[PDB]
Amino acid sequence: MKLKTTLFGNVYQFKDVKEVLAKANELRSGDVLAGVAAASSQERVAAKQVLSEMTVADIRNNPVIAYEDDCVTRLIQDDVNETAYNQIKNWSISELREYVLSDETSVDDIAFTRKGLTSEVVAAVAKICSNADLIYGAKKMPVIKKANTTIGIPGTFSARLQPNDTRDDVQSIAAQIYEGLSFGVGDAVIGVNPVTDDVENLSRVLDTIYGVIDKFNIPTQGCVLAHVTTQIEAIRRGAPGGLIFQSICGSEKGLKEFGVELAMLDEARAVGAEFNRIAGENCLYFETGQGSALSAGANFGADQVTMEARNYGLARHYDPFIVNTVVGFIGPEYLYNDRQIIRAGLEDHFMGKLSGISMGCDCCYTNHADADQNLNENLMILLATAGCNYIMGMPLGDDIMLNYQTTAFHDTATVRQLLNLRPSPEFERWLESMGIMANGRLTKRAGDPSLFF
Amino acid sequence: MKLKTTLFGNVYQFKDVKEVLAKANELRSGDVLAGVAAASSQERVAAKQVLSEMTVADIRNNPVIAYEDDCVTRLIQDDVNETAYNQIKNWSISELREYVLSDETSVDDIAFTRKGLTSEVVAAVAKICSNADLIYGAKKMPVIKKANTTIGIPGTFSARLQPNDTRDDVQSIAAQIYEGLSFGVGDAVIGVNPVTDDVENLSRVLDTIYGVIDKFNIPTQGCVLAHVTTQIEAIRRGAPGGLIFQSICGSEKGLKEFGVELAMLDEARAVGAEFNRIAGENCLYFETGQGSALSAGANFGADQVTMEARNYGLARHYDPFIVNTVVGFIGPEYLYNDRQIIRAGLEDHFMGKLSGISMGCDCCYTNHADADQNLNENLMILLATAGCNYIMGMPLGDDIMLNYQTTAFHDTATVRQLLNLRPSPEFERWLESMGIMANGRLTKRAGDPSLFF
Amino acid sequence: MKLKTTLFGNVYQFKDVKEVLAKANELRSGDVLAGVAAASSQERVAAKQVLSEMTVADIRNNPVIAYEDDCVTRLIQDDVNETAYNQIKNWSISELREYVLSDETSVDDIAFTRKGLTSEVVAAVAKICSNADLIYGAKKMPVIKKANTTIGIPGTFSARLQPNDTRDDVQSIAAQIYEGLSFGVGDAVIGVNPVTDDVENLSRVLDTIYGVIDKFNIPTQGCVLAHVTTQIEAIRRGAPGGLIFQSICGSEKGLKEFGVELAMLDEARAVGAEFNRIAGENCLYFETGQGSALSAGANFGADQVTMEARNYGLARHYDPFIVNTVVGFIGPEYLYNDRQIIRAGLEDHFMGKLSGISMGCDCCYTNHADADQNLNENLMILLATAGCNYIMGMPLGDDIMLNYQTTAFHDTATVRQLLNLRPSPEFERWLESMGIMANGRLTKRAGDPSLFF
Amino acid sequence: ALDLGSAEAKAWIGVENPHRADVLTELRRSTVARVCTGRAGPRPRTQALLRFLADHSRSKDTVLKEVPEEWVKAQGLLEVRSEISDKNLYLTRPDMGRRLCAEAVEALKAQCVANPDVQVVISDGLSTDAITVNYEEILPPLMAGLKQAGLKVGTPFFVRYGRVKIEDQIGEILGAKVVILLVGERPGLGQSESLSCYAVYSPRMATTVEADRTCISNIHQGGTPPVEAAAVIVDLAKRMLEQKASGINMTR
Ligand code: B12
């Protein structure tokens, strides 16, 4: 392989695959912080070209963290279909980009082809895509999963109801649930980040979520986003099991930071199978986001886009119902502004769909980042055109407890009615019977939580 | 637990759950042979009522072979969703029957409910079902899977191309393939039963099947139905992997008879994931049929319907692409005549669909059974109305090396055009492009294998 | 009339309506340059609220340039339906915003209501709208016009073919036309910006455009975007008249800068009616963009958003076939970066549609602005979802004589196939007959200009 | 006339024609979340958008604001800082916020008590308000707690521009058995005074991972009251010493 190109008469040399992968990234603050970014636009383009000219084999055989050193690498490499790999191994990344984008490439063509990829190869493709490339490419790669609702069907758009409270107050959680449902949010999941990581509290929060679900016979699932171990314990002790959640990181060291062993995710699937109130076969829920590996000092010189792709490779092994990046959840040190947050959201979603996972996005920003709510509204709509499986919903997007701004309940209704998209069909039926939705559109009586009383 | 009832003033007492399960069956030669059948019609009806009044808990807690003594029982029991079981455990088998048949019970309702069942409970439901019950019940329980084709979608109907030869002659095999395809057969699988169980021969047969598949870009999959171990070995050494097959039995003793270990089906799954040319997530193929356990001395005093259901509990663990009973494959000692073979076919299919597997049927009979081709045609149509996922196809149904009569290629085209059913959507598209099919119907030029030359 | 509010205990007072209009704007470089921007985020929000509580009558009665001193103000004010105005005059800008966004407000409701507005009121609404508001509001305000193609029908999306050359070389122009058409670009207009503003050259360029149009019987229209007077002169002397173009400014002073009199647009209308090859009733084409007035010294202390709205009030008087903002045509001094250019694009389009004109957008940026092609791709997709009537098309978006980057021909095909939008129905029929389009999608043979040879 | 920062603005019900308007007020009372603001089509109502924008403008200011050097001194606190020199650099360089500057290390060994059982560290982190508003309410009872029926309490000090991981270095330098950090978490839209406690048993820069820490979050008058939180942190400290473990390695 070549680690070198000549651009405008000048030679641009790179040390290894890892460097090419990193410097090919569109400019972001995290790459600069990691020390791995290109020095200029010229070096960035040179990196893109070098990368585009590398084969699938070049990138597959050079994972950013070595096989013997990393259990995530091992999991990713060991999940490769070697027959599918052998077919494409001599393709250039340029050819793979064009293949993904081609109108003559079907969903079924990609279904086999993606099995010959690794996360690094998935990342490589994203790095040489424009914003429209990422959107169009992602759109023609639907990924459909099923819990008590079906998610990811083209022409549909789902949303997580995120009814968080500063004290896990059940009346406050309930109030937000009723508000979200009145806007048609919650077909992805009704999922709460709890304040206290504790079995009594987890059960109480789950009891509250499922009290509403059972009262109104809602086709959906509940979730409490505590550490996976405590969810499992709660469910084993008799709490209602819907989706089981874990935040993940794309390296072994990153997982250790999060306190996660792969064995826990195996156990999560086994507990789901024994206990969980789920009709379909998918019941896991992962969250991800650029910068997490870097924060953990667990990127090993790799850029945050490659590391995020490795999250999806790990996630794919467990065939989850839903995954979302939390695109601007952390701060400006990893993604500084509107431009960077949008780009990362498009990258993350594209990479997830290429990896064959049920990819959504928490379109979000923090108050110490160079961003505002118009960014969330920009990105949510772009990703919706990309076939994003789901976003979050909170009242006006104001998380009173996680201290950031996500998308409003309003925004899911806006997206759906703007683009003629429906909820999950199971959830849509329920909304119709409740008188909340008619023909994909909020009725007059919708958006009013008192409807449930 | 009541093991007794009064019928016309006469007290009918049975010893245990197993005897109730056995005697509740409709009359068949296998049960009489097994010494487990009713002594009279009245006793049969008494057994049916006693069974009807037994609970899910009664049957679940009393499998025909003990947990500690039988690995199939263990696999079945350890796969139960205990939350789903807890919801239904106090239901009578009568209530469960009415539940399955109710138009107020949705596919998603059954999706969760079935996870609370064991195979014995599945059997119990079938035993108190009439023929129309079995058909209508099965129809409202679709099971959909995906290899390179999607099978099981309501409104579709698939077929295995079974191009068997006395000497595994590649020219004979190819002839029957071209013939099958010209009738639109082969969307389930192109699957050959080889006469010689060795790697070289397996690879040569696979080469022939995949020669045709590759030349015409056929969306389907190939399979050579040797022992699991030879299939794996062939595929590891580079032969094209499509579906991986194994015949199964509903007891540990029966698996031993067959020479199979559960570990082999585990390996088959992993070998599929590394090697196999499959776009979708399903790649295993099982065959089953009433009588096999009884033949193996491995029914442990249980009737052949209950044992057959246990096959589906086994199969479900491995989430196969396809399963079919081979309904009248063996002889009159287990299913004697038209009536018994039809009843068995309806039972097998219903139980398969209730168990949540991709259930088809080889509608067939032997020449030493009290049956003929008109029976095959009766059963294939009835099962088609039940939403049977697939049947077999051979030239006029005459298998020249397995020595029995299955369904003709003609029969799949007849069924589709009679009932307005389509092939697998991927395969249908291929047929349309070949000029073999238009609007679900054979074109004038169809039915002519020379079309491929 | 309140010109004051209290925000967080701090009293915010503004001098007049104009200062309220200016400071209510989202931050942009143009406003700071004009000295009219807010001094803080709090003041911006205070300005927004004060504006929100002002009535339609407050804004209508206080245009940024006086009636007696400005002919554009006069044209705007004299075009008001006073019955419509009387119905809404006491509405707050807050109520008008909620009115426009309400799903209970129909297209026909807005049809009458908008006639009661002036451009300043249109601006005021946009100033208190979020990005999603601007997009959803615009989408529910379709504006449809007809030349030889119909543009603006919901579910459609048009594109100007912009085949510009450094030397007006007819072979270069034709090359780009054949390229544009092969991607399905040109249903809005085939419009060339000439380097030399004389009749002979205008006629030769028109001859080239209409040479292509006539040979292939293309339903579209041509245009050469010289000064109005040269277009008229060329057309009177026998050159093919399609659309007649003029760039406009929102003040009398600004029109003077441009060298245009209102009388010229009157003559253009009449010349169109006598000479032009147009089946429908619309034949005028205006371009606009934030900053032009400020550049001309003709903003009179008003912000560039309010002045831009005044362009649409001007344009609406002449019922043009098409209008587009040229959003980032000038430089960073008026719109600095991605964020500001997107916001401006959304504002411009919303205001255009609210004004009842056939509003499109040249999604573009310059090389001395803080922007790149990914910005163009972000904005074009967002605007497409807003029902933007048309964008530009050039080969990869590179204009070789206007020295800026607009959208690629690729981008229109991407948008259409991403969002399931069609071309103008007349043009789509032509594309289908050329074999370039099927069911809204580029055929295999599309994207190849040699198809016309 | 309405001030968007007022209680009336915060209590505003916006739902147009309510099915049951008394339920709405009860819902609005039950949460600090922005429920019951209604809609215009699928979009937010104007007043709701305006208050959102007002709160954001004020939120942005809270990320940039710094506690006076005089206030830290007035609390009787030693002020030390990380490698970060200013607020702008803090936001973009977390790696420097996780490390004491050269003079900070020396000042700790000079001025703090060596080898304490429980070391209390305070830092502005991402929110100054989280420190200033809550300080007098949490610190006294916490110190009095670790002393009363307690053990060898360290001397409390303020770290400017601190990130959570800095407590590992602080633990090694002072030889502390338990290190308690009280730090400002990132400001919310409508709240800035949310404090969190990150506590760890016998940390080591080279081996300590994030999961080794126990977190107590959302400390404030709208979450867990500082006074009530102080008693939780004391009991947490006792348990850490008894078990010789923290974070995920603790029992129950
Ligand atoms: C931002 C954030 C994160 C980021 C941290 C990365 C970063 N910031 O660089 C990401 C997104 C990576 C993250 C991940 C997780 N987080 Co977190 N996080 C937050 C959040 C919103 C902000 C924390 C903050 O502002 N810290 C202040 C600043 C100054 O500290 P910092 O040095 O800049 O950042 C450090 C801490 O944020 C720390 N951290 C972040 N989350 C968590 C969670 C735990 C248990 C620990 C020990 C440390 C920790 O990581 C950084 C160390 O360098 C809080 C909510 C809140 N209102 O505080 C939740 C919160 C602290 N996180 C929570 C949880 C549970 C998690 C996860 C365990 C999720 C899961 N279910 O698996 C994971 C694993 C965390 C880990 N072990 O590393 C809980 C803590 C529950 C508890 N009482 O123990 C909180 C309170 C949210 C909630 N559920 O209510 N999170």
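A note on names: the letters A, B, ... follow the listed sequences, proteins ahead of strands, and every chain is numbered from 1. Order of appearance sets the numbers: ligands from 1, and atoms from 1 within every ligand. Because only heavy atoms are used, hydrogens play no part in the values below, and waters and symmetry mates are left out as well, while side chains stay in.
- Using bins of under 30°, 30° to 60° and over 60° for the plane-to-plane angle, the ring pair D/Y161/D/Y90 lands in the tilted bin.
- Applying the side chain to side chain donor-acceptor pair (under 3.5 Å) test to every pair with at least one member in residues 237-251 of chain D, sequence neighbours left out, gives these pairs: D/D212-D/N249, D/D235-D/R239, D/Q243-D/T251.
- Salt bridge annotation for D/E66-D/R160: present, with a cationic side-chain nitrogen under 4.0 angstrom from a carboxylate oxygen.
- Side-chain N/O atoms of A/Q340 and A/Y334 include no donor and acceptor closer than 3.5 Å.
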>> Walk me through whether A/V199 and A/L202 qualify under side-chain contact (heavy atoms from CB on, under 4.5 Å).
In response: CA-CA 5 Å; A/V199 161; A/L202 292 201; 5.6 Å; no
Report each N/O pair between ligand 1 and the protein that falls under 3.5 Å, naming both atoms.
from, atom 1, to, atom 2, distance (Å)
ligand 1, 9 (O), A/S295, OG, 3.2
ligand 1, 25 (O), D/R186, N, 3.3
ligand 1, 26 (N), D/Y198, OH, 3.3
ligand 1, 32 (O), D/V164, N, 2.9
ligand 1, 33 (O), D/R163, NH1, 2.7
ligand 1, 53 (O), D/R98, NH2, 2.7
ligand 1, 57 (N), A/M401, O, 3.1
ligand 1, 57 (N), D/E185, OE2, 2.8
ligand 1, 58 (O), D/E185, OE1, 3.4
ligand 1, 71 (N), A/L225, O, 3.1
ligand 1, 71 (N), A/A226, O, 3.4
ligand 1, 72 (O), A/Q246, OE1, 3.4
ligand 1, 72 (O), A/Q246, NE2, 2.7
ligand 1, 77 (N), A/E257, O, 3.1
ligand 1, 83 (N), D/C215, O, 3.2
ligand 1, 89 (N), A/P194, O, 3.2
ligand 1, 90 (O), A/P194, O, 3.0

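- Salt-bridge annotation for D/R58 and D/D55: absent, with no side-chain N of the basic residue lying under 4.0 Å from a carboxylate O of the acidic one.
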